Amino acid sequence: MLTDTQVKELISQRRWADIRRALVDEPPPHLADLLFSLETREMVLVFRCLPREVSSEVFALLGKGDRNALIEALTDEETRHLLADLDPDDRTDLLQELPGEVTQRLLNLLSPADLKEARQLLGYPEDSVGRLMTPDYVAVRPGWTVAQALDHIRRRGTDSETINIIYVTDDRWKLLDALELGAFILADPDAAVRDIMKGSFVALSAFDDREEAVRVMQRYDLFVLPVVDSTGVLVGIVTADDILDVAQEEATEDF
């Protein structure tokens, strides 16, 4: 419960260790509130005090002004480190909102694989599902056993957007099913994944409009939706937290 007043005094006293200790374990939304209530110079300073695992989350929560100001201020390495750790859809959201030359130097701060990822995601139309989606889903093969699937989920879990739905893909990565995480812990560990499939699923197109993601998510009452290309290959997922934001970006735009 550290206030704008207490941080600004600690800054004035150059009590940098006390600041970093005071920021430990604060929820990212609460850190985003503090950074907003600060003035630009101190907001930039407190942001750099954060561990990079925290500051990437907080960055995604900031307003456009604070976000843009913060981009105008961090160094090349600090920026490079934010772009690496941002979730791919959050990385896209920044690049579509920034001016061209700024997005372009940002792009040059990405690693080759991250450049290819970011290039692909910005390449879907604006207001498309492809541009809302993240490729950090967890997928399993139909021929794996449930125990093997569970070891894959455990290895890959925290590095991924969500594990609450697990996707099944074939060898050519085409989407076969969408399974709740619970199905794997209710099932017999020696059963194949194919034993717990129903073979029916809802999926979006990457070229769907963002509002279709809202309509489809309301229709089927799911918290995550897979996105497939024209051949049925799984290319990413969209999650309910981002879809709720779309619902009220689109709602106010109607007003």
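Residue numbers run from 1 along the displayed sequence.
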Mean Cα B-factor check, 102-110 vs 172-180, entry values; winner is 102-110
Out of 69-77 and 148-156, which one has CA B-factors that are higher on average in the deposited record?
-> 69-77
Between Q218, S205, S55, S37, which one tops the list for C-alpha B-factor in the PDB entry?
-> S37
Among the modelled residues of its chain, does the C-alpha B-factor of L82 lie in the lowest, middle or highest third?
-> highest
Quick one: classify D127 as lowest, middle or highest third of the chain based on its Cα B-factor.
-> highest
Going by the entry, which third of its chain does the Cα temperature factor of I196 land in?
-> middle
Report the third (lowest, middle or highest) to which the CA temperature factor of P51 belongs, ranking only the modelled residues of the same chain.
-> middle
Quick one: classify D229 as lowest, middle or highest third of the chain based on its Cα B-factor.
-> middle
